[PDB]
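> What follows is a structure written as structure tokens; I'll ask about it next.
Where a number appears in this text, it was derived from the coordinates with a stated rule and is not lab data. Cβ sites come from the backbone with ideal geometry, for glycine too, and all protein chains shown count toward neighbours.
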Amino acid sequence: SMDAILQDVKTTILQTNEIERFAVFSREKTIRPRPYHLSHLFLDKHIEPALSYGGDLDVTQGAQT
Amino acid sequence: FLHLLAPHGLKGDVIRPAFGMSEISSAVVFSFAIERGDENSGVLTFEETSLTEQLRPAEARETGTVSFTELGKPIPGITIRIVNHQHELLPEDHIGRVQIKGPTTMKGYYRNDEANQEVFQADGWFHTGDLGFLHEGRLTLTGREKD
Amino acid sequence: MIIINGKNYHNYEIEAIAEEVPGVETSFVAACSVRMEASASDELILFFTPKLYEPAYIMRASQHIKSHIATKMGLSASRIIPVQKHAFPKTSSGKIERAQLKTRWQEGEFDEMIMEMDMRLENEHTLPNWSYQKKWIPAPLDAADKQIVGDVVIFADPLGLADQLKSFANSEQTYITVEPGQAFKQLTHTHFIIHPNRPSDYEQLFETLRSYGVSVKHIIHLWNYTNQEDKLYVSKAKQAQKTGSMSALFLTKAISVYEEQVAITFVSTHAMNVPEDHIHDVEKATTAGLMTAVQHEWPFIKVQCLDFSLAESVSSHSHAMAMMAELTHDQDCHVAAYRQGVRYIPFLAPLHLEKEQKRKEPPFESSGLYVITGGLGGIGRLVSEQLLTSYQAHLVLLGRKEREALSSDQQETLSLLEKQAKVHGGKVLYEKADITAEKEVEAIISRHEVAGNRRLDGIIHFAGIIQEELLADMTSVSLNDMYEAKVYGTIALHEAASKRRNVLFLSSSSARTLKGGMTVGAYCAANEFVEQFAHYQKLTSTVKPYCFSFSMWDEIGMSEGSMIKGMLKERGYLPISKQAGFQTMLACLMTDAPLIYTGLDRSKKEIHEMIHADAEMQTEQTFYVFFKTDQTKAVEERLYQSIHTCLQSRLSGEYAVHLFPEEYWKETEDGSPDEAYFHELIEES
Ligand SMILES: [Ca+2]
């Protein structure tokens, strides 16, 4: 019944006339549970110097020239 | 120097580091903690790995660390900072271009304008070109540009 | 024009290059930019429409575009947001209403599928579904025409179960009964006395039995088949070990050297906490937890533990009757529990954090008093950093050494926390203390309860050493060095939390306890207690516990010098990063589940056999189709729906159609489909 399905899919691929040659094969695989999305569990808000001064200098004391 | 001349009466902390240019009218920082007995006083050792990031202090090693002598705090009357390659202020421990401002800054190069555009970019903050960090509020030079 | 740090690009080129990518509908592409609140640069947001609106086709092209931009233009697209054709906004004049899409996206029409994309790639928003609970499920026994054929040793109980079991013995077998006492004393050739805690008396027992010609083929250990005591100090914990979990060590060590097959059978009362049971002598759990490592280290020693309840039941299924049945019947599962004359075995069941959620944010109070053990450990810091930044908590860290004697690696990771606390308004102290002393704990807590006028808000108990050591070399102190933190310490901390109301209790364990492990008897023995303890607290006291038993840590190193400990991954124990795990803890903390196993791949067999045991895994058939059309009428959508309609209600399983563009189809010369190129693609997928 498995390859019987494969055959009835090819005939379904021929239902569309715009396609004139194709190829189809199947695979069996194990599922890995879908992860969560952080938005679904968590709340929104959780998801989200070098400058030295030497000290003032009194420049107005003493010779200005 | 100190150990070889000590028997002749030179005291251990006489030495006085200072970083000054011609454009700034000479020294702008002074280090007083340079003792004979204490080779680490005024001397900062860091890991070579952290030179690009936050400097990580390290121990005296022959291959793997670097020692920088502290020049000291800016002089009474001026302010010093350091900037990144985009001319933004840097964090405490990151290395950057030393930039100095105060009343000791020259008028400007005589008959040379584009040189003025490089040195004091904006607000008279002078680009020394010397690369160094400013830790604890006391400047510590790392290396001059292209030297 | 759109700009990115360093250069700017014309959106006509971006969209034009993206239209080369197979599956991109021509002229339905958009390029924008936005500076997130980081403002460090401008990121490229990119919209497009696929010739098929189904995530397989989309995810296929989203990657192909993101890379094709990095190849041809030198940059990668931050996000790529798919949008159906019938809702792609354009003006009558063919202009692409770009600024509308951005504003339409910040509102989140495309959230619905930008999530479905995040899920399929297990993105930073993935939060894998890998957490389960232990659920006690009924499993009866099969009919058994086999009978016991051997001489049996039996460490007799004081309640009379031993007496019952002897009456069933066949006429050919001799039953050697052993009682506990002050030291070795042989009363008869079939009656003995030994000091349960002295290992010599065990090997001497068997040695003198080898002489008398008794071939020991079965051992029964009814020594933690006790009657209930309600007080639970630490002494009672230390003391019950020697009559129980330690005894099991010595007994197995002794009979292991003869290297002869033998059927040991431990028997407990109130060691396992199932639903509807009002008594829980949890101190007995280490016994059953240590023996997990036996069948791995000494394959010739079959082991199975049983737990019964003395909650009054007028011999509805006499303990003796069940006892015999389990002995004759092919030892299958390690542990089982008879409660009301009903055999139960422990199975796993997924947590389903969303559907079981009972709370929207972690249950930590803002500036609450929280005491932490081994907060300087890799997993402790994660929790300490959190309780100091996000919450501004008064933390007191308890270590066993003194501050000055800490690892230079630790003293730093503490100063970090001291600084990281000063700048977040929290406080963090450290105190040398004996985690094991009931009174020394209440004294040290009370002090911190008055400094800040807050009552204790929670205990986080991650302290623990690991020693990989085999039952062969396992000294009696090896265990008592293990129990110090994970048992005797745990009991002292709970001694305080029980005197307050609704205190939070966090506990770390391991999933090795599920199936057992070689050279980890000490680990499994203690962790089987910490896990079973959470249930003791929910039954005894106000405390609200959360116990995470993790599969693996990246703290054991991804290299480890033994990448064959990763082989344990191959049986279904994933490595979990700090963030991945830490995030899990929070998610679970929002669910009231008190015990939770995390890091388990329900795909791999060992785990799958723990959730179902009998039903086979579930397969999903995935069809792959390839294209070659006469005209250019995009039939993808018309075709997908055509195949999906042929499969409707006709497979009896889980199916999915996966479609490929036209411009992947290839043909070998001589007029045949290039099947080599297809079977190659399906795997690279
Ligand atoms: Ca195209």
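Table: residues versus (1) in a strand (DSSP E or B); (2) surrounded by fewer than 17 Cβ atoms within 10 Å (Cβ to Cβ); (3) within 14 Å of chain A (Cβ to nearest Cβ); (4) within 16 Å of the ligand (Cβ to nearest atom).
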site	(1), (2), (3), (4)
C:14	no, no, no, yes
C:26	yes, yes, no, yes
C:31	yes, no, no, no
C:65	no, no, no, yes
C:80	yes, no, no, no
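> Given (1) away from chain A (no Cβ under 14 Å); (2) more than 16 Å from the ligand (Cβ to nearest atom); (3) touching a strand residue (DSSP E or B) at 6+ places or on another chain (Cβ under 7 Å); (4) of a type outside the set (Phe, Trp, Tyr), where does residue C:50 come up short, assuming only one miss?
Unmet condition: (2).
> Just the residues that are within 10 Å of chain A (Cβ to nearest Cβ), within 43 Å of the chain's Cα centre (by Cα) and among the hydrophobic types (A, V, I, L, M, F, W, C), please, taken from the range C:662-685.
Correct list: C:678, C:682.
> Can you confirm whether residue C:385 is more than 20 Å from residue C:509 (Cβ to Cβ) and either assigned to a strand (DSSP E or B) or in contact with a strand residue (DSSP E or B) (Cβ under 6 Å, 6 or more places away or on another chain) (or both)?
No, not satisfied.
> Quick check on the range C:1-12: of everything there that is surrounded by 12 or more Cβ atoms within 10 Å (Cβ to Cβ) and more than 30 Å from residue C:660 (Cα to Cα), which residue is farthest from the ligand (Cβ to nearest atom)?
So, considering only residues that are surrounded by 12 or more Cβ atoms within 10 Å (Cβ to Cβ) and more than 30 Å from residue C:660 (Cα to Cα), the one farthest from the ligand (Cβ to nearest atom) is C:3.
> Additional query: Looking only at residues that are more than 9 Å from chain A (Cβ to nearest Cβ) and in a helix (DSSP H, G or I) in the range C:626-661, which one is nearest to residue A:29 (Cα to Cα)?
The selected residue is C:644.
> Looking only at the range C:589-604, which residues are surrounded by fewer than 22 Cβ atoms within 10 Å (Cβ to Cβ) and more than 10 Å from chain A (Cβ to nearest Cβ)?
Of everything in the range C:589-604, those that are surrounded by fewer than 22 Cβ atoms within 10 Å (Cβ to Cβ) and more than 10 Å from chain A (Cβ to nearest Cβ) turn out to be C:589, C:592, C:593, C:594.
> Here is a further query. Taking strands (runs of 3 or more DSSP E) that fall entirely within the range B:38-147, which contain at least 1 residues that are surrounded by 15 or more Cβ atoms within 10 Å (Cβ to Cβ), away from chain A (no Cβ under 14 Å) and among the small types (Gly, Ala, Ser)?
In the range B:38-147, the matching strands (runs of 3 or more DSSP E) lie at B:126-135.
> On the phi > 0 side of the Ramachandran plot and away from the ligand (no atom under 16 Å from the Cβ): does that describe residue C:39?
The answer is yes for residue C:39.
> Which count do you get for residues in the range A:1-35 that are among the small types (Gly, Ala, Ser), assigned to a loop (DSSP other than H, G, I, E, B) and at the interface with chain C (Cβ under 7 Å from one of its Cβ atoms)?
Of the residues in that region, 0 qualify.
> All but one of (1) over 35 Å from the mean Cα position of the chain (by Cα); (2) hydrophobic (A, V, I, L, M, F, W, C); (3) at the interface with another protein chain (Cβ under 7 Å from one of its Cβ atoms) hold for residue A:38, so report the exception by its number.
(1)
> Determine which single condition residue C:55 fails, assuming it passes every other condition in (1) away from chain A (no Cβ under 14 Å); (2) surrounded by 13 or more Cβ atoms within 10 Å (Cβ to Cβ); (3) away from the ligand (no atom under 16 Å from the Cβ).
Single failed check for residue C:55: (1).
> Given the criterion under 22 Å from residue C:528 (Cα atoms) and basic (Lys, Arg), identify the matching residue among C:419, C:486.
C:486
> In the range C:433-483, which residue that is touching a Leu at 6+ places or on another chain (Cβ under 8 Å) and part of a helix (DSSP H, G or I) is surrounded by the fewest Cβ atoms within 10 Å (Cβ to Cβ)?
C:476
> Criterion first (of a type in the set (A, V, I, L, M) and assigned to a helix (DSSP H, G or I)) does residue C:596 satisfy it?
no
> Could you check the range C:265-283 and list, in sequence order, the residues that are among the hydrophobic types (A, V, I, L, M, F, W, C) and surrounded by 24 or more Cβ atoms within 10 Å (Cβ to Cβ)?
C:266, C:267, C:271, C:272, C:282
> Which residue pairs have Cβ atoms under 8 Å apart, sit 6 or more places apart or on different chains, and have a first residue in the range C:1-26 that is more than 13 Å from residue C:47 (Cα to Cα) and a second that is within 11 Å of the ligand (Cβ to nearest atom) and basic (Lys, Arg)?
C:23/C:51
> Would it be correct to say that residue C:353 is within 14 Å of chain A (Cβ to nearest Cβ) and touching a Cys at 6+ places or on another chain (Cβ under 7 Å)?
When the stated conditions are applied, residue C:353 passes them.
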